[PDB]
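One chain follows as structure tokens, the form deposited in one PDB entry.
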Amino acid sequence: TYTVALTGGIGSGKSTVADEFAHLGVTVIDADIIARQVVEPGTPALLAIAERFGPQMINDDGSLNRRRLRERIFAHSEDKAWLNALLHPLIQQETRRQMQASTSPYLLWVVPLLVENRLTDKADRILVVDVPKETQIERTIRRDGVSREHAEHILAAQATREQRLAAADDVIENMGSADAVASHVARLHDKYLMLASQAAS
């Protein structure tokens, strides 16, 4: 299936823009979403986490206490492999289920490290969500509760803005009025529908 890879630096708006494509009926594949899905309240993988590490892994609302799990892996690095062995097969399986169940003309794949992991060849098109550096910093501080200096260290561990823009086929700036960003998404959606038809012919 025709595939558009959505990338962008931390805090630029990958999740936000992907939701607007979803609203237009596009199947959105996002491994970070799938990872949360596989440990939702009541899931066997959440039970396995709690049975191993303790009931303190489950919040009063039945959800995974993510901080407590991060604390466990921080204290016991060997438990990272255990967690991977539990979750990786479930994430792969759910990724494939979502691909197979899709009936949309194209797929949107949210790929945070597309440039950093050299995956530019896998998708038919690359869409970069862009914002100024100061905007990434401000939005990451607010969402994630990190210092500005911490945000700068994350940016320094990611591809540069210039590198992402150089790899992009299309750029969406997640700035200005939200209505205009959504209209930009609708314009790109039409472009992708037409490219998907061209590829299918």
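For every residue, the number given is its place in the sequence shown, counted from 1.
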Going by the mean C-alpha B-factor recorded in the entry, which is higher: 55-63 or 138-146? 55-63
Taking the recorded C-alpha temperature factors, which stretch has the higher mean, 72-80 or 110-118? 110-118
Tell me, please, which of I29, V171, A159, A50 has the highest C-alpha B factor according to the deposited entry? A159
Quick check for you: using the entry's CA B-factors within this chain, is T3 in the lowest, middle or highest third? lowest
Split the chain's modelled residues into thirds by Cα B-factor; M175 lands in the lowest
Tertile call for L90 (CA temperature factor, within chain, third-based) is the highest
Where the record places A167 (Cα B-factor, split into thirds across the chain): highest
Which third, lowest, middle or highest, does the CA B-factor of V38 fall in along this chain? highest
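Missing here is the form deposited in another entry; even so, the following discussion is about that form.
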Single out the hinge among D60, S77, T103, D179, the place where one rigid part of the chain pivots against the other between this form and the one not shown. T103
Distance direction in the other form for the C-alpha atoms of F74 and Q158, relative to the displayed form (3 angstroms or more): closer
Do the C-alpha atoms of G8 and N84 sit closer or farther apart in the other form than they do here, given a shift of 3 Å or more? closer
